[PDB]
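As structure tokens, the structure follows; a few thoughts come after it.
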Amino acid sequence: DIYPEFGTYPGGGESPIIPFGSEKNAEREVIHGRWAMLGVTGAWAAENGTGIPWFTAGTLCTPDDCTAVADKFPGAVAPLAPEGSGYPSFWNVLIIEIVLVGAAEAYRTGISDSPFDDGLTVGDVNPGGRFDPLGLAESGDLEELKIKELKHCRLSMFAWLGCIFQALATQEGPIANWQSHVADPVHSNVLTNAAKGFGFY
Amino acid sequence: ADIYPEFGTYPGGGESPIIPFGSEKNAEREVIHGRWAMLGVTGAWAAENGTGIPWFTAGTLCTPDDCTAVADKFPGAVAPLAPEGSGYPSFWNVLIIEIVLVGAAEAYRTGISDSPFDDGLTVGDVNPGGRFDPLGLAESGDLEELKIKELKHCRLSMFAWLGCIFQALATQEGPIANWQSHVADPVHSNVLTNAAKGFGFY
Amino acid sequence: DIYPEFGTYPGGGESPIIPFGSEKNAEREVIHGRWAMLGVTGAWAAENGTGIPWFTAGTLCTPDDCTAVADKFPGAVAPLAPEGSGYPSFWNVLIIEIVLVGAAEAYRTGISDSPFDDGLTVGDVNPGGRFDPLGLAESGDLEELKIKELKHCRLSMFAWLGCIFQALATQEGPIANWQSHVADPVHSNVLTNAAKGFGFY
Ligand code: CLA
Ligand SMILES: CC1=C[C@H](O)CC(C)(C)[C@H]1/C=C/C(C)=C/C=C/C(C)=C/C=C/C=C(C)/C=C/C=C(\C)CCC1=C(C)C[C@H](O)CC1(C)C
Ligand SMILES: CC1=C[C@H](O)CC(C)(C)[C@H]1/C=C/C(C)=C/C=C/C(C)=C/C=C/C=C(C)/C=C/C=C(\C)CCC1=C(C)C[C@H](O)CC1(C)C
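What follows is the structure in structure tokens.
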């Protein structure tokens, strides 16, 4: 069987708990899943390569002294911008991000006409043609690849929700919590931290 | 639509992408919730401009034991609210009058209690159009357009009240105080710098 | 004029605030209510009998030590544990609890075939084929008595939600809070607690 975990994909079946009234939700959760996938991975990798929590990473790059993020990346012996130049600038990064992500979102969602000329209908979260340089979808199964991605989508969104509530409970960070739970499983869990009071009680 | 350009839409204008419109009672609830929110956000706006007390702390000034503090709080007042010598707006006094007046108005708004007026005023209609609009602004103005204006103000003010309650929970400083801090230096005074400070808990 | 209150029962009428959802919700609210009945009664009785909150009561039986719960039951002729060996140890109780409850839930919902084969159908709101040994309510106005328990379900669920929320607010316990209210409501209240700050502000 395909998708036998719990419930069924939006493409086929009905939610056990929700009515699934609106068909905008399907692609919404695809996009949300993909973003979460990149977010969870980011939180996984940053705290490994740098040791900082993902939720306090924002404090390193601020409109004054954004140079803290420079050279934080593993390997990458050259910093983001040279030391002493002070060019890692929150506003410069923010403007570059605003223009790039805003243009990408406008192209995806039809706020602006697509720059390309080859199909790419607005609102489809599986474009394929331009977004498969390797040609893995035509070689593989399209439907089961889409199901795998969905499983990853929902798994990563649930992992992100876990990351934020772990951040709120323990105030430490995802990987450090994972390592504490691995080291002493009985003595590092949610009920253990509840016995400590979650840091406020 | 042409008239409603906001992200969402008005009930009857169409259907919302998220949580589409169900029962009409939901639309009545939205309008009334808006109306009370407009009143609430305006009160939280004007009171601490007049005297500086955040709305989430203004409750405790009046207490069953002592309620003198609420008297003479309104700026510009010619005299005390009740005798200067012995202010008599006691919390119980306030309650006993207000529960009766508000309960009456509510039951008479919804018609669970027989209407006093019986002027053709039909309960369960957000726009009574009777004595409530003596100016009859709706009669001169265009009623569809004006309904859209009312709902836009409803949603804006309900969102503003949500902002007021969450700002109270994060910064516990006060709405206009948060405004003045942000206008003072928005770059270094906003939600994310308060997050860096930790919202007062972390 | 049965159920002449704010709302209506799932069988007749429609939900005033929330969309009625599905039949799955209609069967599920009752089960949540039965569990909330048991939970609220357990919190009430454990606190009257022991004096320590239901929430903190989870720290009494830890993997390292479960002997604290040995002599907590009021009016017990002897402690359940021998007091001297600490035989519970949280592991026997955990394992037998998970097997018994998991089996019971599996048989309730037909995850596994029912063993009685007494004609009972899985997923029924009120099976009653062997869940009414006394028969006092089976014979005579069954529909009304379902309304009775329905009203108790919604109450116990609301009471549990209030229990968890004011546990969060005050961190003292439900009936400690109830005694504080009853002794002098006017100076010991939710709004008084908010003005002083529940545990914060
Ligand atoms: C109590 C207030 C309230 C009520 C009853 C409604 C009701 C309605 N709105 Mg309105 N709306 C509101 C507030 C409200 N809205 C606010 C504040 C905004 C601005 C963000 C809007 C923006 C809006 C748009 C843009 C649209 C609607 C639409 C609708 C209809 C869709 C069905 C629905 O969502 O109902 C259920 C009612 C809800 C309020 C949804 C629940 C929201 C959840 C619970 C999140 C809220 C979190 C909460 C504030 C947490 C507080 C915690 C705090 C106390 C600590 C219905 C008539 C749609 C419509 O009519 O389309 C034809 C539509 O397009 N509304
Ligand atoms: C990497 C990085 C580094 C920096 O340090 C900081 C930083 C913040 C920038 C960060 C960047 C992160 C990013 C870009 C994140 C993007 C995240 C996103 C899009 C998250 C979405 C999260 C979604 C959630 C929770 C869903 C909850 C919904 C639930 C359970 C309902 C489930 C439900 C339904 C639907 C149907 C069933 O039948 C029944 C049930 C009830 C189960
Ligand atoms: C004035 C005063 C002074 C004293 O000092 C103190 C004091 C406390 C007494 C105080 C008194 C104030 C009072 C009485 C206030 C009354 C306030 C009221 C009625 C608030 C209502 C607040 C309503 C909210 C948040 C709604 C949230 C809903 C949201 C986002 C969903 C939005 C949604 C929908 C629906 C469908 C779309 O498709 C899209 C999306 C998903 C966005």
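Listed in order, the protein sequences are those of chains C, P and Z.
The opening position of the first sequence corresponds to residue 1 in this note's numbering, with each subsequent residue numbered one higher.
The opening position of the second sequence corresponds to residue 1001 in this note's numbering, with each subsequent residue numbered one higher.
The opening position of the third sequence corresponds to residue 2001 in this note's numbering, with each subsequent residue numbered one higher.
We put the CB at the ideal spot given by N, CA and C, even for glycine.
Identity of the residue in the options nearest residue i by Cα
i, options, result
"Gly2011(Z)", "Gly2039(Z), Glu2027(Z) and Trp2044(Z)", "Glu2027(Z)"
"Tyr2003(Z)", "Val2077(Z), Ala2176(Z) and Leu2150(Z)", "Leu2150(Z)"
"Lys2072(Z)", "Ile2098(Z), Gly2084(Z) and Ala2045(Z)", "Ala2045(Z)"
"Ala36(C)", "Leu120(C), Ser139(C), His152(C) and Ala68(C)", "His152(C)"
"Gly1043(P)", "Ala1058(P), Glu1173(P) and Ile1032(P)", "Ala1058(P)"
"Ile175(C)", "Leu168(C), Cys163(C) and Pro185(C)", "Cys163(C)"
"residue 2231(Z)", "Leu2136(Z), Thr2109(Z) and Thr2050(Z)", "Only positions 2001 to 2201 of chain Z appear in this structure, which leaves residue 2231(Z) out of reach."
"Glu1048(P)", "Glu1173(P), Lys1197(P) and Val1187(P)", "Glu1173(P)"
"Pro1017(P)", "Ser15(C), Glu14(C), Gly21(C) and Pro16(C)", "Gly21(C)"
"residue 960(P)", "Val1126(P), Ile1053(P) and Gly1136(P)", "Not covered by the structure: residue 960(P). The range shown for chain P is 1001 to 1202."
"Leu38(C)", "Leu155(C), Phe165(C), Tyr201(C) and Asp184(C)", "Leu155(C)"
"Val2186(Z)", "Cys1062(P), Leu1135(P), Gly1141(P) and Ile1053(P)", "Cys1062(P)"
"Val1031(P)", "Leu1146(P), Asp1185(P), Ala1184(P) and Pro1134(P)", "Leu1146(P)"
Own chain partners of residue i with C-beta closer than 6 Å, once the 5 adjacent residues on each side are dropped
i, result
"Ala159(C)", "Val40"
"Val77(C)", "none"
"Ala2167(Z)", "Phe2055"
"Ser188(C)", "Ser180 and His181"
C-alpha gap between residue i and residue j, whole angstroms
i, j, result
"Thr59(C)", "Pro1020(P)", "39 Å"
"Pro115(C)", "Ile95(C)", "21 Å"
"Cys1067(P)", "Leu2191(Z)", "15 Å"
"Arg2034(Z)", "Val2093(Z)", "23 Å"
"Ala2195(Z)", "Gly1103(P)", "26 Å"
"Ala2104(Z)", "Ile2098(Z)", "10 Å"
"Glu1015(P)", "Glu14(C)", "21 Å"
"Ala2106(Z)", "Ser2139(Z)", "29 Å"
"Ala2183(Z)", "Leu2100(Z)", "42 Å"
"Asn1026(P)", "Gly2007(Z)", "15 Å"
"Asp1002(P)", "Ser1113(P)", "41 Å"
Residue i: CB within 7 Å of a non-hydrogen atom of ligand 2
i, result
"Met157(C)", "yes"
"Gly1040(P)", "no"
"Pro88(C)", "no"
"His32(C)", "yes"
"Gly1059(P)", "no"
"residue 1208(P)", "Only positions 1001 to 1202 of chain P appear in the structure, and residue 1208(P) is not among them; the question remains open."
"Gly11(C)", "no"
"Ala43(C)", "yes"
Chain-order list of residues whose beta-carbon lies under 8 Å from that of residue i (same chain, five-residue window excluded)
i, result
"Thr1171(P)", "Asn1178, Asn1194, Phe1199 and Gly1200"
"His2032(Z)", "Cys2153 and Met2157"
"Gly2110(Z)", "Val2122 and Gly2123"
"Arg2108(Z)", "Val2122"
"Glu2083(Z)", "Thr2067, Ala2070 and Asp2071"
"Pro1134(P)", "none"
"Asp2118(Z)", "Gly2129 and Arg2130"
Residue i Cβ short of 7 Å to ligand 1 heavy atom set
i, result
"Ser22(C)", "no"
"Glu1030(P)", "yes"
"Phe1007(P)", "yes"
"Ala169(C)", "no"
"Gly2162(Z)", "no"
"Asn1026(P)", "yes"
"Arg1155(P)", "yes"
"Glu1084(P)", "no"
Cutoff 7 Å; reference residue i; Cβ partners in own chain excluding five residues on either side
i, result
"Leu1121(P)", "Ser1115, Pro1128 and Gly1130"
"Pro1089(P)", "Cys1067, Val1070, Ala1071, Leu1081 and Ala1082"
"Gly86(C)", "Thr67"
"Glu2143(Z)", "none"
"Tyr9(C)", "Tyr3, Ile147 and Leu150"
"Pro63(C)", "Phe90 and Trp91"
Contact test: residue i Cβ vs ligand 3 heavy atom, cutoff 7 Å
i, result
"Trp2035(Z)", "no"
"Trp1179(P)", "no"
"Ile1018(P)", "yes"
"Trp1055(P)", "yes"
"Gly1050(P)", "no"
"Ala2104(Z)", "no"
"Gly199(C)", "no"
"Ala1047(P)", "yes"
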